[PDB]
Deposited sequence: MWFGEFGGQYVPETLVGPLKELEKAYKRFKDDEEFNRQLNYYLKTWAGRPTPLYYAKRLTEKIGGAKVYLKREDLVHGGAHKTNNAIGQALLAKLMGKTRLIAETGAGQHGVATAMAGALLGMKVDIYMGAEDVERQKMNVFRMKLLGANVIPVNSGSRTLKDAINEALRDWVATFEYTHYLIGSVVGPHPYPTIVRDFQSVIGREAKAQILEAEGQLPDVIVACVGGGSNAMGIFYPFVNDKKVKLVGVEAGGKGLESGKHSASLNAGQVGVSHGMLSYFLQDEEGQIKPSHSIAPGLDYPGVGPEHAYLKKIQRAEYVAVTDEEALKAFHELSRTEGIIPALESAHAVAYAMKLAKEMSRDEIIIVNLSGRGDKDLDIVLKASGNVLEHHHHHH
């Protein structure tokens, strides 16, 4: 449960039993033959794994420095890496005898992933979403309803993700006997940061095999955007023990790191307890990003740990830099990236320029940008 000084399980007594049951079940099923057979089957035939590792030749040439490879999580069913975790936990829930999935969502992106996985496995899905977030994400709300999920507006407090988390926990306290609480990032009380990282680690394992096939060596740098940190942990984790592989997490710089309108929790946040974990949060202060998925005010404890021991570096990219990268990748490689992923692309482009032509950067392209076309059209 602890990653050095970060993590834990800060919950009321009522949720300790449920979490220990989940930990027990996960330990059983994670190395189980039948679980892994079913999980790999759904990831292959329904989600479309493995995703390719793409050499961005034109982007590489335009910048004129290091080779830029893109791990194409944008091609997974649903258009985002969140699907890997949604399938994993929903299958875990089903084999535990649960009939219902609950989740919170701010962007609606984890909400959609959870709705898809619940539909696949024949489970009831209730999604908690702050009323203010419901207004910003009309199409994702519609997606969730098309997929058969019930969207429950949360009208308490600030009516944002923070409040949706509180309602979801209050729900789970009462309903855990038949309901799995499906957390969407490497956040929350133990065992969730570990479970979500484990279900996203497939990204890094594929990426390692694929870059060894393409280039005969591990990358010099891996760059991934960081909200709560799940896509980053997924691609980072299999390279953590490869000492020479640099790991860079890119948070939302928003309107600037000194503007008070960003989501750079590791960069500017304070250490404290929220959502059942000890990690960095902005201070309780609301975050901002043009990329909806980068608007969680905290960050996963395993990233806080990797920063502490200096195994990974954490940086920020502004809204304008992300928008620039969104347009650049679209026009140069014919890939419209998610605005979240465009933060990683933006930093990778800055970093590639300073590196030599024989060096290698892998960017985790965490999602596709179809969802963001209205925001980009306006911005």
property	result
Unmodelled ranges, which are counted on the deposited sequence from position 1 and given in order	284-288, 385-396
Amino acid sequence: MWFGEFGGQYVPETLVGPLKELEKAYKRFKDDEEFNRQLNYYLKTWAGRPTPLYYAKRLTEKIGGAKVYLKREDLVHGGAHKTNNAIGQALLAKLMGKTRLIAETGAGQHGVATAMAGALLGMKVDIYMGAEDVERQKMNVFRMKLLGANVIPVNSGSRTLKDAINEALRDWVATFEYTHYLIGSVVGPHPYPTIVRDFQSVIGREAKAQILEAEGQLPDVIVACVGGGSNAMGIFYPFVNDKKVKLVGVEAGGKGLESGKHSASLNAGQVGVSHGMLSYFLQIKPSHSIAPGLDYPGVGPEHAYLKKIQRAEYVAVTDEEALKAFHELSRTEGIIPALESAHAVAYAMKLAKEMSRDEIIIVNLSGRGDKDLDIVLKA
From here on, numbers count along this sequence of modelled residues.
item	value
Selected stretch [higher average CA B-factor]: 46-54 or 344-352	344-352
Higher-B stretch (mean Cα B-factor, as the entry records it), 151-159 or 194-202	151-159
Of the residues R100, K138, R72, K82, the one carrying the largest Cα B-factor as recorded	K138
From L169, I183, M144, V223, residue of greatest CA B-factor	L169
Third assignment of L329 from its chain's C-alpha B-factors	middle
Entry-reported Cα temperature factor of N267, expressed as the chain third it lands in	highest
For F281, the third of its chain into which the C-alpha B factor falls	highest
Within-chain third of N364 by Cα B-factor, per the entry	lowest
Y296 - Cα temperature factor, lowest/middle/highest third of chain	highest
